[PDB]
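Worksheet for the structure shown next.
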Amino acid sequence: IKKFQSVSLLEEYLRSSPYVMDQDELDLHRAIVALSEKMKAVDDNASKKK
Amino acid sequence: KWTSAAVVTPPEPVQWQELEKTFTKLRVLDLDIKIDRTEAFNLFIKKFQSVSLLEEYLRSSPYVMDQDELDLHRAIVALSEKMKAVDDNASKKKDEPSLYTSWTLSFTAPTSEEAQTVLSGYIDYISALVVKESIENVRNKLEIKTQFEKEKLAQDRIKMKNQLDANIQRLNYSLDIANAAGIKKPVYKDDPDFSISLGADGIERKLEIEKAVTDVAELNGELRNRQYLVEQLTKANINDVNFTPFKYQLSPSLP
């Protein structure tokens, strides 16, 4: 979970993904930043009375 | 106008392995010390938040000095107001624990490039400060350990020459008593104050022997081994080891 939540690992992953580099300048960076914001990880037990 | 950001957490065991090797050498020499991984992180945070350290970083940075008299100071004070550090778990308070610690470091600038080069630069600068002081502490602990053992040995040697000299006197008296009592050969019990069961012949020889003793370590292996220990502490040293006192979750962004 810690490594998941890491934006930089995530960015490294997207950039390194054949699949992702299909969907072209340094607008690239913005796109990555945009994709990265759509990964979520949430504790199911946080959003309930502890 | 452009805020660059970084998110940092305490460093991880894999980053600490050169450090761990060094602590191992010392552990063999009876010196049990670590650099706690969370304490090094906190020290990084404290240091990061030091305004005097920040001003010093700025003044010393050729990059910053490109951007003109005693407004220099004012520009610095103004720039320094745009480094922030926030604990991510202060906002949204207690009752909801934090799996991991984590802070957000940031710098806001006129340009995108400026904010990122200055957050990295400052981070690396503070990081080096943590590394330098942390090795210093380790070296200091070694210094004290060495001072202590070296000094205690000197003392122990004098304490034993004393004990040995007291024994020589006692042995002299054992010799008179044995002679008076006519015990020449060993007895075939003993007085608790002046042992004589050895006999005068044997005592005489034991007496020349104890009187010819110079270095008390000759018959004492615990002293030889303490001498050895001090030689080893004196020869041991702590190498300039490099480490990072945090793990990035987000390394400084390009806004």
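Based on alpha-carbon atoms, the Kirkwood radius and the radius of gyration of chain B give Rg/Rh equal to 1.36. At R0 = 45 Å, how high is the FRET efficiency between B:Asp193 and B:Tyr228 if r is their beta carbon distance? Nearest 0.05 is fine. Computed FRET efficiency for B:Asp193 and B:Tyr228 comes out at 0.80. Each of B:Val14, B:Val187, B:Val7 was scored by other Cβ atoms within 10 Å of its Cβ. Listed from fewest to most, they are B:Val14, B:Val187, B:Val7.
The calculated 222 nm mean residue ellipticity attributable to helices in chain A amounts to -11500 deg cm²/dmol, summing -39500 (n - 2.57) over DSSP H runs of n ≥ 4 and dividing by all residues. At what distance in nm do the modelled label points of B:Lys93 and B:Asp36 sit from each other, each positioned 7 Å from its Cα along Cα→Cβ? About 2.5 nm separates the two model spin labels. Counted by neighbouring Cβ atoms within 10 Å, the residues B:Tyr57, B:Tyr248, B:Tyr100, A:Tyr19 run from fewest to most as A:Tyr19, B:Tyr100, B:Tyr248, B:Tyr57. Note on B:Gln67 and A:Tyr13: the model spin-label points, each 7 Å out from Cα along the C-beta direction, lie 3.5 nm apart. With R₀ fixed at 45 Å, the C-beta to C-beta distance from B:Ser80 to B:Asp156 puts the FRET efficiency at about 0.25. Counting neighbouring Cβ atoms within 10 Å and putting the fewest first, the residues B:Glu204, A:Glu25, B:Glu222 line up as A:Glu25, B:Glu222, B:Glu204. Given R0 = 35 Å, the distance between the Cβ atoms of B:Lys141 and B:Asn172 translates into a calculated FRET efficiency of 0.15. Length, then width, then depth: along the principal axes, the Cα atoms of the stretch B:138-242 run 75, 24, 17 Å.
All Cβ positions, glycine included, derive from the backbone under ideal geometry; neighbour counts span all protein chains shown. Each reported figure results from applying straightforward, stated rules to the coordinates on display, with no laboratory input.
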